[PDB]
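The sequence shown begins at 3 in the authors' numbering and counts up one residue at a time.
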Amino acid sequence: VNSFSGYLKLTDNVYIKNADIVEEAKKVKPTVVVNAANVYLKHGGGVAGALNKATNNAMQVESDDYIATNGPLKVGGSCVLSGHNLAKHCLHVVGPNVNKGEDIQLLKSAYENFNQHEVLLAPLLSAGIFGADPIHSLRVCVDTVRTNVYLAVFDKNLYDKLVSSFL
Ligand SMILES: C[C@H]1CC[C@@H](C(=O)O)CN1C(=O)c1ccc2c(c1)OCC(=O)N2
Numbered sequence: 003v004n005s006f007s008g009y010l011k012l013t014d015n016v017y018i019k020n021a022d023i024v025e026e027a028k029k030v031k032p033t034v035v036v037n038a039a040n041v042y043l044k045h046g047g048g049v050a051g052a053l054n055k056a057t058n059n060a061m062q063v064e065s066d067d068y069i070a071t072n073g074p075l076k077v078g079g080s081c082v083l084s085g086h087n088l089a090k091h092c093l094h095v096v097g098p099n100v101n102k103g104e105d106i107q108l109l110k111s112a113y114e115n116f117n118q119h120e121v122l123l124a125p126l127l128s129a130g131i132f133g134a135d136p137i138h139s140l141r142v143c144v145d146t147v148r149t150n151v152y153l154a155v156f157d158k159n160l161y162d163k164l165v166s167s168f169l
């Protein structure tokens, strides 16, 4: 039993809700919140911009030190950093950005990072400003993640379309 509330159950391990991931994280304080990161951990907009803003830019400060030490992530890769005031940890995961021409096949590799954590609060990878089809992203999530994932979909219309179109 965990403290996630109001989710619809899609499969044995995947759950979904129309919610703002920032507000969900502040309420639940999950062990792991997933960020929709880019390889430079430049948290400018979308999910990343919103999560970073909620940390008063502390996420960006920590991320800049990480990059200065380690260099950029790989598309499809991840790193674990602090969750600041939102969660114990933040798993920064880089899905492919279609608006940059990146290979959508890397979306499965991106979701594989979730399997290293027993329970996660997460957005749909490569959705939103990353340009991929969110229905496809949900299909990849369900077919790749085996650990318990609680998906927050900000847009009510998309959520309804995601639920209503789920096979
Ligand atoms: C992954 C993408 C595309 C699908 C969106 C959806 O789930 O409807 C969620 N996404 C966001 O980038 C996004 C999420 C939360 C916030 C935000 C942007 O900005 C303002 C804010 O306070 N929160």
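The beta carbon of each residue, even a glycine, is placed where N, CA and C say it ideally should be.
Check residue i in the structure and name its three-state DSSP category.
i, result
"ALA39", "coil"
"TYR68", "helix"
"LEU123", "strand"
"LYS28", "helix"
"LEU10", "strand"
"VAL34", "strand"
"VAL16", "strand"
"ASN54", "helix"
"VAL3", "coil"
"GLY47", "coil"
"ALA21", "coil"
"residue 190", "Examination of residue 190 is not possible in this model, given that the chain is present from 3 through 169 alone."
May I have the straight-line CA-CA distance separating residue i from residue j, to the nearest angstrom?
i, j, result
"residue 238", "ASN99", "The chain is shown from 3 up to 169; residue 238 falls before or after that span and cannot be answered."
"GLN107", "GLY78", "9 Å"
"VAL95", "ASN115", "7 Å"
"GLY85", "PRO136", "25 Å"
"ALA154", "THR71", "31 Å"
"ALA56", "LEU169", "34 Å"
"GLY130", "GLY48", "7 Å"
"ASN37", "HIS45", "9 Å"
"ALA27", "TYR68", "23 Å"
"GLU25", "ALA89", "11 Å"
"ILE23", "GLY133", "19 Å"
"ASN40", "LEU123", "18 Å"
Could you give the C-beta distance for residue i and residue j, rounded to a whole number, given that I count them as a contact under 8 Å?
i, j, result
"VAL147", "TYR113", "5 Å"
"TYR17", "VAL151", "7 Å"
- Task: Pick out the complete alpha helix (DSSP H) segments inside the region 74 to 118, 4 residues or longer, and give them in chain order.
- Result: Within the region 74 to 118, the complete alpha helix (DSSP H) runs of at least 4 residues fall at 108 to 114.
- Item | Ranges of the alpha helix (DSSP H) found wholly within the region 132 to 169, counting only runs of at least 4 | 136 to 146 and 158 to 166
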